[PDB]
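S.K.: One structure is given below, represented as structure tokens, and several questions about it will come after.
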DNA sequence: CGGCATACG
DNA sequence: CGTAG
DNA sequence: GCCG
Ligand SMILES: [Cl-]
Ligand SMILES: [Mg+2]
Ligand SMILES: [Mg+2]
Ligand code: NA
């Protein structure tokens, strides 16, 4: 088992679901406390289990696996022995975990804001609704739409959204293309937002495109919330039988020269991208982001025509999106 | 021990 | 500070 | 919390 998540296939569904879920609770709690290193280790250990070819049934099977030391191994041992891990259950039940989870799920609210509200005594969404003057316009939107944004998006919904985005993009710039990215591109049947990447085959033509796209979607009455720019974090009106619901949609524009890098980054998973960028820098001495891949010694950027190019540049076996579910 | 990804709005 | 993967 |  290789130590980096980008060196191994990780399917969406796997053989150690309960164990991985438990480790991800501890990772999430670590993030709520600002412990980014512990969050990363628990996330990585969880991801190792997702990559295994069969269920872990005994503690012995963890020996030699990367990112399993005394703490993560103890969690797995308790789950194997008793079906529950007392540490995990205490987190789940805790008022701090539950409230930080609720608050950070609000669009516009991060860990820092959630933690401040927690220390001020706030615990519920209606607590926040009762002092709306201390809310940003983005938080106001997130709170008004919170209930809809909590219900998953289906692949049917995505197809309908992609058609309306394509219509707007086509008027904004004929020839521009719309690619579904994010979790749906990794094979998810549901998601909590939809991600699209927009480019144009003629380099430079995409400059200034996103404002034109957003104006057209807004004129069509489809935009419930949004803020020169190249990423737009929107709330869209999605038709439903006899009504509609709010859906988070991210729109991103990239020049075609950067499109493989942007496609790679926006397809995720988050852990996969962090691991790929860590691998690039620490093992290959190259600097990776969603715009390109830089050689800091020759001071040159790699050209890529495909994601396959990027994996080859980094000396990694190619993984399709469905195997990037780290 | 230091390191832990790297952007944009 | 928020957002993204 | 774990790795190198
Ligand atoms: Cl930490
Ligand atoms: Mg997404
Ligand atoms: Mg998104
Ligand atoms: Na949030």
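Numbering starts at 1 and runs along the chain as it is shown here.
Every residue gets a Cβ built from N, Cα and C, even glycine.
Pulled from Swiss-Prot, these are the listed features:
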| type | residues | note |
| --- | --- | --- |
| REGION | A:186-195 | region 'Involved in ssDNA binding' |
| BINDING | A:193, A:195, A:250 | Mg(2+) binding site |
| SITE | A:265 | site 'Responsible for the low discrimination between dNTP and rNTP' |
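Thinking about packing and proximity, how do these listed features fit into the structure?
M.R.: Counting every protein chain shown, 21 other Cβ atoms lie within 10 Å of the Cβ of residue A:195 (Mg(2+) binding site).
Under DSSP, residue A:265 (site 'Responsible for the low discrimination between dNTP and rNTP') is assigned to a helix (H, G or I) in the three-state scheme.
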S.K.: What does the Cα distance in Å come to between residue A:227 and residue A:228, when 19 residues between them are unmodelled?
M.R.: 12
S.K.: Taking the binding-site residues one at a time (A:193, A:250), which has its Cβ surrounded by the most other Cβ atoms within 10 Å?
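M.R.: The residue with the most neighbouring Cβ atoms within 10 Å is A:193.
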S.K.: Non-local Cβ contacts of residue A:265 (site 'Responsible for the low discrimination between dNTP and rNTP') (under 8 Å, 6 or more apart, same chain)?
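M.R.: Non-local contacts for residue A:265 (site 'Responsible for the low discrimination between dNTP and rNTP'): A:273, A:289, A:290.
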S.K.: If H, G and I count as helix, E and B as strand, and all else as coil, what does DSSP give for residue A:193 (Mg(2+) binding site)?
M.R.: coil
S.K.: Specify all same-chain residues, apart from the site residues A:193, A:195, A:250, whose Cβ lies within 8 angstroms of the center of the Cβ atoms of the Mg(2+) site, ordered by sequence.
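M.R.: These residues sit around the Mg(2+) site: A:181, A:182, A:194, A:196, A:233, A:248, A:249, A:251, A:266.
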